[PDB]
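Visitor: One structure, as structure tokens, below. Some questions next.
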Amino acid sequence: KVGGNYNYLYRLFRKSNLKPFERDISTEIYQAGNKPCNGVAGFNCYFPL
Amino acid sequence: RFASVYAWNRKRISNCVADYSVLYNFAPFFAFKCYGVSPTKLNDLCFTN
């Protein structure tokens with residue numbers, strides 16, 4: 001679609017590697033660690049999808 | 001003081017430890033984007049230039 005097709009997404013980075021034939025429905029934000037992240041944040045707390 | 005945009009400088013780093021710890025330099029960044037390389041995974045990668 002022209003600037004659409006947002007229904008198909010992916011994950012560029014995750015906290016840990018997925019197991020063989022493992023499925024993860026949750027899409028929580030990866031914690032930064034060096035800075036407390038509750039909502040949006042900077043270095044390591046971006047949206048995965 | 002930095003240089004202008006029409007006469008931007010370029011510093012070559014080839015014999016130094018690539019410690020990506022930009023967090024202590026004005027951590028509230030206005031625009032921190034990464035292209036091709038993950039933000040947190042960059043600290044554990046080696047390159048040429």
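To be explicit about the labels: the chains of the structure tokens are called A, B, and onward in the order shown, and within each one the residues are counted from 1, while ligands get numbers from 1 in the order they are shown.
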Tell me, counting only C-alpha atoms, for each residue of chain A within 8 Å of chain B, which pair of atoms is nearest and how far apart they are in Å to one decimal, in rows ordered by chain and increasing number, as CSV.
Guide:
residue,atom,partner,partner_atom,distance
A:13,CA,B:38,CA,7.8
A:42,CA,B:29,CA,7.3
A:43,CA,B:39,CA,6.8
A:44,CA,B:40,CA,6.5
Visitor: So how far away is atom CA of residue 24 of chain B from atom CA of residue 30 of chain A, in Å?
Guide: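 Rounded to one decimal, the two atoms are 20.6 Å apart.
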Visitor: Could you pull the residues within 8 Å of residue 10 of chain A, counting only C-alpha atoms, minus those fewer than 2 positions along the same chain, as a list in words?
Guide: residues 8, 12, 48 and 49 of chain A
Visitor: What lies within 10 Å of residue 41 of chain A using only C-alpha atoms, ignoring chain neighbours under 3 positions off, as a short mmCIF file (atom, residue, chain, number, x, y, z; two decimals) with C-alpha atoms, in the first residue's frame?
Guide:
data_model
loop_
_atom_site.label_atom_id
_atom_site.label_comp_id
_atom_site.auth_asym_id
_atom_site.auth_seq_id
_atom_site.Cartn_x
_atom_site.Cartn_y
_atom_site.Cartn_z
CA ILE A 29 9.45 -1.68 26.07
CA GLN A 31 14.47 -1.32 29.89
CA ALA A 32 17.48 0.97 29.58
CA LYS A 35 18.34 5.31 33.53
CA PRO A 36 14.94 4.52 35.10
CA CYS A 37 12.43 4.19 32.26
CA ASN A 38 8.69 4.12 32.98
CA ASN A 44 17.73 2.05 25.31
CA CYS A 45 13.97 2.45 25.93
CA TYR A 46 12.60 2.82 22.40
CA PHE A 47 9.57 1.03 20.97
CA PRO B 28 18.43 14.63 27.51
CA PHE B 29 19.15 14.34 23.79
#
Visitor: Out of B:26, B:35, B:49, B:44, which residue has the shortest atom-to-atom distance to residue 11 of chain B when counting only C-alpha atoms?
Guide: B:49
Visitor: If I take atom CA of residue 20 of chain B and atom CA of residue 45 of chain B, how far is one from the other in Å, to one decimal?
Guide: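 Calculated distance between atom CA of residue 20 of chain B and atom CA of residue 45 of chain B is 10.3 Å.
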Visitor: With only C-alpha atoms as the counted atoms, please give the residues lying no more than 12 Å from residue 47 of chain B, apart from itself and same-chain residues fewer than 6 positions off, as a list in words.
Guide: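 Result of the neighbour search: residues 13, 14, 15, 16, 17, 18 and 37 of chain B.
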Visitor: Could you check how far atom CA of residue 33 of chain A sits from atom CA of residue 21 of chain B, in Å to one decimal?
Guide: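 Computing it gives 13.6 Å between the two atoms.
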Visitor: Could you tell me, as a list in words, which residues of chain B DSSP assigns to helix (DSSP H, G or I) when given the backbone?
Guide: residues 22, 23, 24, 41, 42, 43 and 44 of chain B
